[PDB]
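Each chain, written out:
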Amino acid sequence: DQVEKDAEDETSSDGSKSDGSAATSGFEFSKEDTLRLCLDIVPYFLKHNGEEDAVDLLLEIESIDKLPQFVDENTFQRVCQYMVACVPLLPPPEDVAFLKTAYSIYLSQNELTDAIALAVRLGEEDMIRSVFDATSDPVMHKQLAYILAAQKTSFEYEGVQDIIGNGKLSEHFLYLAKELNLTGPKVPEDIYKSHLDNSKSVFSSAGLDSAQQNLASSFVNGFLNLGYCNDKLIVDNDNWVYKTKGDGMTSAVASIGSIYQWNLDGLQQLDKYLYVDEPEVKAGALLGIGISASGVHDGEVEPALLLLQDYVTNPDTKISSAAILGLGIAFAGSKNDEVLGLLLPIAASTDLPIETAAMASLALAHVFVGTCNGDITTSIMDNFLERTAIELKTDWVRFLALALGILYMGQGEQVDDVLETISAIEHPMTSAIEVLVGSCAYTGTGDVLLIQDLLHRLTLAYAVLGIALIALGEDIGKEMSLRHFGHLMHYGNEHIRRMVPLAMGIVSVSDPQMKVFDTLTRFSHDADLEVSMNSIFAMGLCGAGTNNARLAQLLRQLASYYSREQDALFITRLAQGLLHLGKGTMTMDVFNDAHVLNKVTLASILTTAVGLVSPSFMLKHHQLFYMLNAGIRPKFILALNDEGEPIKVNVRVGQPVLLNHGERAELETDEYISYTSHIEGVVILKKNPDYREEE
Amino acid sequence: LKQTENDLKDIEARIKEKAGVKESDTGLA
Amino acid sequence: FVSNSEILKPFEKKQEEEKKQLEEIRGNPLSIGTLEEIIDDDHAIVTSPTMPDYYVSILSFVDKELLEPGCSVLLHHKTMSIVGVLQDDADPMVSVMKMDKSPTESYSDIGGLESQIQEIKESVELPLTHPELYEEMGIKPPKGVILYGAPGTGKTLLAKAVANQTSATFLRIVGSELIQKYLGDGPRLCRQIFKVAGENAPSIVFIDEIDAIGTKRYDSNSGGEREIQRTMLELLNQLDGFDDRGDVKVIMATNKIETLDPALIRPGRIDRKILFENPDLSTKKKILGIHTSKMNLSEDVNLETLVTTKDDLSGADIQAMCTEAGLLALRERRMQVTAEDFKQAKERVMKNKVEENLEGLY
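Residues numbered from 1 in each chain as written, not as in the entry; some residues may be left out. Chains lettered and ligands numbered in written order. Part of a larger assembly, values for the part shown. Heavy atoms only, no water.

Structure determination for this entry is recorded as cryo-EM, at 4.2 Å resolution.

Okay, here's the thing in structure tokens:
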């Protein structure tokens, strides 16, 4: 009771890697005389080899000093490997500070096995270099970098990344410039782009005649060409774009940016439309570059985002509309104060028709997520409390409220400045935030009061999204969540109606449901025509990257809508584009194979929920249709040999008869034992001495 | 908007069912 | 809690007036009725347990979609009109429904029953994986499977083994529960089996142990019941009328098919009759692993030694073999069963079935 109550309420973290840590350092969690009582259990299970039942009593007492004293002699491999899947969570609560104090004893020895899983999860600087010390094979150092680079989370933005990615010659560092491209989505994403040329499906691309019909003509080309490069249709005819004017010209050029996605340099081909005559033509160029460079902060071999950042300055409107929205996508993973310093005075007056600052709240959320900055924390906090300029309407108030409900993830003591803005103005989405602060601060979740308390407020749109994230890691509230999702689907306001399909579309890939598609039938005509115009596009968001199969019931609903008017001809094209989006095969991944969570994919869901509402109530901008591409993760399963470089090798079959390096597949395991941390996705395999083969 | 009209069928009509239906069901039907 | 304090609390205060008009129609002396037929004219048929069958008018309380023929509702003593519907969460509507998604049993874990796998795989997995092969021949793949033998070996293992490779949800329905306690629910439970599994249909329906309802005798009276014919006649129309690509599957189990209704068989819809095969060394070790897990055994006790010399016993005698071995330790007052008790109990059960087969034949 002394160590539990002292380690319960605190503003700091828990655990230390120092060898002289008795857990008496700093704040005193327990008396000095009572410390020897916890060590009395160590000599008991030491000779008896009771480590199986010794961990059971170690997690209940919550003592960080007991673990490093228990492990002394004999084998550090089999004994420590059992603690990998046992120690961190047996009980519903999560204590991550136990494995941190045991690093000092292993520092002189460690092992090839237990030092692997220590580099992921918390990911301390001493844990990553620990496995590199006992590994004398440069091949095994490569495999350890694939699971770490895909984790992102803590270390993302500039000042950490690309500084380590340079590299030198040493045994304790060994980060190659090629490993950053192989581990991270750099080289492998380009092979999938070229491999789609042979596997491409039929194309609906047509240019028609009239400019009113050229808007839907070029717009569908952006969805069809995702992951595909077609230079024949764009270069041969330049009239299918320029004929569009107003807000349609910006969305037409953005479709070309999807062609150049995952390319070395996409700015050269888009330079022709960068400056011609009219600002409306110049506006679409900025939105197209952000789509082509989305997913990579530094590019591949060159930082192509250096020139894009300098184009944000402009007194005009249509260009500034696509400058804030277009650039707020490709900058994920790269933090710079030059774009923040220029955007701060523009977002002060927040005038929609002139400066078009309404998208500044969504741009700052997708870029700076998972970063540490004192400039954006202080400036937005003062502007929110002062309520300066003309700000009155709740629309812009909810933008700054939901923008600050993101950046504080992965912070700790920096969250206290954000909490002042949350408790200032009450919001329906900010009531559930107070109980979710302990998720990131206490390093994990699953307590009774951290889940069930969210279900009482539901029986607005932010609380239902958090249920899907907690149910993936809990076997209790997961079964009862299926019933609560059906009652929240029918409600007066449209905010909760539009949130459910976005959350169910990810769950429904492996679990189709008839009740979800049947609601979308009556979801079209309800009250206002704005819901009907948004209903056609909402039914395509769930079927993105999938055709026929389970969607055959949903496909019949979109076939009855062709053209009911001049505008309906364009609206129905948005449904056909998402159906064939990515040549018919795509996916949505909110997590990775490292058993962690990415704050970028989570921030893209909250950003998409705020935007995209142009056809629905609260008209903002028609350029928000491309927001979905910011959160779409690639789908591939790689394979490697002992050389570490990409090479053709055969693995287990997928969903198409063989899977090579750079070919599409998802959720496929392997029976071959790898070197270090055999998992899904990219892995370096090996062959047993029994049979000798090159495949 | 449509939430009131859904329950309106079971509310406004219930008032008429008190006098109208009970009189038609008189005689232990 | 905090969010709903400013929402639900002022909501119930404004909705209190509508609740006062409800209770006036509700009334204190309520009763439980029984539905028969529902018509769009707001009229129904209700019965209280003393059987005064009535006919009354349906008032306005809840949507008609919540009302289903054959259910229980609420009544009042004045006009006997329906004042509300009874909650069905406590009383199960079907007989026995257990939904098992992606079970543990597979084709490789059932032992030497592979001879039975080749027959069930062609009638289940083959039309599901490659439905286009039957379109060229213009034939309907049989959705039914007739199982023989005793439970615990052939019927229990193979039932859940087919759902693993086909990625199907296992539904176990007791066959002796097809006549359930009430008159008029025969055609209702038959539709609920195909209705729940008809929307999605990654599922296979399983039925076992029918000794009764398959026999209509010479009439529905003089010892017979009408509930027997309600389920049998409706099951024939639902199985023959419903055709699909091989998603929905219904598999029954019976020891003797001579007593079943030949009209219910409907030849050509179910072409699959699977016999019972004897377990090999692999299957017998699976039954022993369940009982010997909690049973105490020394390091000299091996599952391969017991199955080496055996009379090839069924699942009932194998379970009784380990049962008799435990009585030898109770008479000697010991908690540890040695290897001699398993060998001694194996010979006793083996000699209780077949020994000399009445030696003869010259």
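Peer 1: Explain a negative patch on the surface residue by residue, including any values.
Peer 2: Residue and element names in this part refer to chain A. On the surface, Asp 382, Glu 386, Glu 413, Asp 416, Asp 417 and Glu 420 cluster together into a patch of negative charge. Going through the elements one at a time, helix 23 (375–386) and helix 25 (416–422) are the ones with two or more residues in the negative patch. Here the element with the most residues in the negative patch is helix 25; it accounts for three residues. (Patch = residues over 30% accessible without salt bridge, like charges linked within 9 Å, V, L, I, M, F, W, Y side chains within 5 Å. Areas by Shrake-Rupley, 256 points an atom, 1.4 Å probe, with all protein chains shown as cover. Salt bridge = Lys/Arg side-chain N within 4 Å of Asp/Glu carboxyl O. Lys, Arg positive; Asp, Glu negative; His and termini not counted. Charge placed at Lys NZ, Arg CZ, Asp CG, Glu CD. Helix = DSSP H or I, 4+ residues; strand = E, 2+ residues; numbered from the N terminus.)

Peer 1: Any details on the pairing of strand 5 (residues 82–85) of chain C? Residues and values, ideally.
Peer 2: Looking along a regular strand, one sees side chains alternate from face to face of the sheet. Across three bridges, the pairing between strand 4 (residues 73–76) of chain C and strand 5 of chain C is antiparallel. Bridge assignment links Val 73 of chain C to a residue of strand 5 of chain C, and that residue is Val 85 of chain C. (Pairing = 2+ DSSP bridges.)

Peer 1: Help me get a handle on the UniProt feature "repeat: PC" in chain A, residues and values and all.
Peer 2: Look at the UniProt record and you will see "repeat: PC" annotated at residues 251–283, 284–321, 322–356, 357–397, 400–432, 502–533 and 534–568 of chain A. Helix makes up 63% of residues 322–356 of chain A and strand 0%, with an end-to-end C-alpha separation of 9 Å. (UniProt positions renumbered as here; feature names shortened; annotations may be inferred.)

Peer 1: Mind laying out the pattern of salt bridges, listing which residues take part and the relevant values?
Peer 2: Residue and element names in this part refer to chain A. Scanning the model with the defined rule gives 24 salt bridges over all chains in all. With a shortest N-O distance of 2.5 Å, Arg 497 and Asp 526 are connected by a salt bridge. Remark: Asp 526 occurs in the loop between helix 31 (514–522) and helix 32 (529–541) and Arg 497 occurs in helix 30 (residues 494–507); sequence separation between them is 29 residues. Taken together, the salt bridges that share partners define one network made up of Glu 494, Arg 497 and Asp 526.

Peer 1: Can you explain helix 22 (residues 360–368) of chain A? Please cite residues and give values.
Peer 2: All names here are of chain A. Within helix 22, nine of the nine residues are buried, leaving the element largely enclosed by the surrounding structure. If you check which residues of helix 22 are buried, you get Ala 360, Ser 361, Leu 362, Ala 363, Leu 364, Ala 365, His 366, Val 367 and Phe 368. Buried residues belonging to helix 22 abut helix 20 (318–330), helix 21 (337–349), helix 23, helix 24 (394–403) and helix 35 (599–610). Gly 370 sits one or two positions beyond helix 22 and adopts a positive phi of about 70°. (Buried < 20%, exposed > 50% of the residue type's maximum accessible area, 1.4 Å probe, protein only. Contact = heavy atoms within 4.5 Å.)

Peer 1: Kindly report on the UniProt feature "binding site: ATP" in chain C, identifying the contributing residues and their values.
Peer 2: All names here are of chain C. The sites that UniProt annotates as "binding site: ATP" are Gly 149, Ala 150, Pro 151, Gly 152, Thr 153, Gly 154, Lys 155 and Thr 156. With respect to the helices and strands, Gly 152 occurs in the loop between strand 7 (146–147) and helix 7 (154–165). The class of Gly 152 is partly exposed, set by a relative accessible area of 29%. When neighbours within four sequence positions are excluded, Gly 152 is seen to be in contact with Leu 157 and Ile 287. Within the secondary structure, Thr 153 sits in the loop between strand 7 and helix 7. With near-sequence residues (within four places) excluded, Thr 153 lies in contact with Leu 113, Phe 276 and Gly 315.

Peer 1: Tell me what's going on with a nonpolar patch on the surface, and back it up with residues and numbers.
Peer 2: A grouping of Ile 7, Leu 8 and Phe 11 of chain C is seen on the molecular surface, where their side chains present a nonpolar patch of about 280 Å² in accessible area. Looking at where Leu 8 of chain C falls in the secondary structure, it is placed in helix 2 (residues 8–14).

Peer 1: So what about the sheet that holds strand 5 of chain C? Which residues, and what values?
Peer 2: Residues and elements named next belong to chain C. Here three strands make up an open sheet; going across it, the order is 1-4-5 and the pairing antiparallel. Pairing within the sheet leaves two strands with one partner each, and these edge strands are strand 1 (30–32) and strand 5. Recorded for the sheet is a direction-independent mean angle of 30° between the axes of neighbouring strands. Relative to the sheet, helix 3 (residues 16–26) contacts strand 1, strand 4 and strand 5, its axis offset from that of strand 5 by approximately 115°. (Axes fitted to C-alpha atoms, helices over the stretch in contact; angles between N-to-C directions.)

Peer 1: Explain the interface of chain C and chain B to me, and be specific about the residues and the numbers.
Peer 2: Opposite the 18 residues of chain C that make contact, chain B presents twelve residues. Counting the surface chain C buries against chain B, the share from its top three residues, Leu 59, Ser 60 and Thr 79 of chain C, is 35%. Counting every contact that joins chain C to chain B gives four residue pairs in polar contact. Contributions of two or more residues to the side of chain C that touches chain B are made by helix 3 and strand 3 (54–57) of chain C. Here the side of chain C that touches chain B gets five residues from one element, more than from any other, and that element is helix 3 of chain C. A breakdown of the residues in the side of chain C that touches chain B according to their chemical character gives nine nonpolar, five polar and four charged. (Buried area = accessible area lost by both parts, 1.4 Å probe. Polar contact = N/O pair within 3.5 Å; in protein donor to acceptor, adjacent residues only side chain to side chain. Nonpolar A, V, L, I, M, F, W, Y, C, P; charged D, E, K, R; others polar.)

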